[PDB]
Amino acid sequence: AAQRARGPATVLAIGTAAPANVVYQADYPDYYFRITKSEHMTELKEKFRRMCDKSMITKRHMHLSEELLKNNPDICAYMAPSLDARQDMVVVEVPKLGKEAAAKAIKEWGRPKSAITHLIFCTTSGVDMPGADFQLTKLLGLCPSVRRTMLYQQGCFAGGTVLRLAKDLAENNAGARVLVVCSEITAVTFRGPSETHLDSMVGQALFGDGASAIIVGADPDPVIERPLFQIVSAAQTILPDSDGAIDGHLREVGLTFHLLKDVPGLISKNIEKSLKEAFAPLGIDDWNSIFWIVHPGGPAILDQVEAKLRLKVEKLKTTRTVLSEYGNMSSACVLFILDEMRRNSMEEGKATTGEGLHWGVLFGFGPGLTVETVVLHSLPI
């Protein structure tokens, strides 16, 4: 009746954070085996080294340091019971790094944390009760009447669920302001190599810790608030014949993950049908007229979607910059890129946050194979 807002959900602030311990890819193939204790795996180390050159990854952030892996020998083994050794770390550490990322959004946002109405926590590393939304509500100290949505164990595609969810919450409750925190810790994941299970090692060359947060609200007050991007629409579809492409099992051994299909080709074979549903109602066909943000599941996906669509080099530059300096941070990784792009547009004198263009796309791909496609609109300066 009178509870609803007036305008579209708008990203007003963006914050990012990652663990302090940095681990480079040039040294990882050695470090990984010398901590796992897998010296005998000769060719497996040869297949893994060249995979650490597949990456296009330079640095990644790991809460799991060298010191911390020598009192946990069964986190360095392939299949050894360690769910407790894993989650004890990430039940506590996920909201801690979440607070660090959230706090820089509240700071740049510049209003009292008490003005936040909803909280959306998203993670795929661990599950607890009370949840990390409870933990991050206490760490940040928000109103005990905040309305929170806990997105537990979602996948790489959760980077768009938080915008799809933030859009409805903010626009359906007037004056509401939604805080959204994405945070992943690659501790539940880390495992040892196996020459009979090459799929567990792709993740060992891509994943890295990270947390991301943004403030979403409708009707941005001038003078005090500054809008960055508008959330115009967000749809979620499943790719035909993909049941099993991305699998995820939480065992008493940790987070088991599998690839069973050519997940790069699966998306570029279908990614045009999701663009047209969104941009045909606006008469847009040239896909270099848009600014692009794609969840970097791997260098293959960015290359195969670039060729399939013949995109210019500049379109996925911010998407490739983050994957270079962070690895694949699962859901949090998408929101990093949208920060790297507005900071890039501002500096290069672009007329608009979206590298100068007006409309834009955001892409996430996870277990399903599910594809979330959110259309974005950019704002000046």
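Residue positions are given as counts along the sequence shown, with the first one as 1.
- When 147-155 is weighed against 67-75, 67-75 comes out higher, by mean CA B-factor as recorded in the entry.
- Averaged over CA atoms, B-factors in the entry run higher in 251-259 than in the other of 283-291 and 251-259.
- Remark: of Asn173, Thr117, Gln87, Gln135, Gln87 shows the highest value [criterion: C-alpha B-factor in the PDB entry].
- Residue set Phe229, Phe121, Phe207, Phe190: peak C-alpha B-factor at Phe190 (per PDB entry).
- Annotation for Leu266: C-alpha temperature factor in the middle third relative to the rest of the modelled chain, per the entry.
- Annotation for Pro130: CA B-factor lies in the middle third of the chain's modelled residues.
- Per the PDB record, residue ranking by Cα B-factor puts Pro367 in the highest third of the chain.
- Placement of the Cα temperature factor of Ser55 within the chain: highest third of the modelled residues, per the deposited record.
- Sort the chain's modelled residues by C-alpha temperature factor and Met346 lands in the highest third, per the entry.
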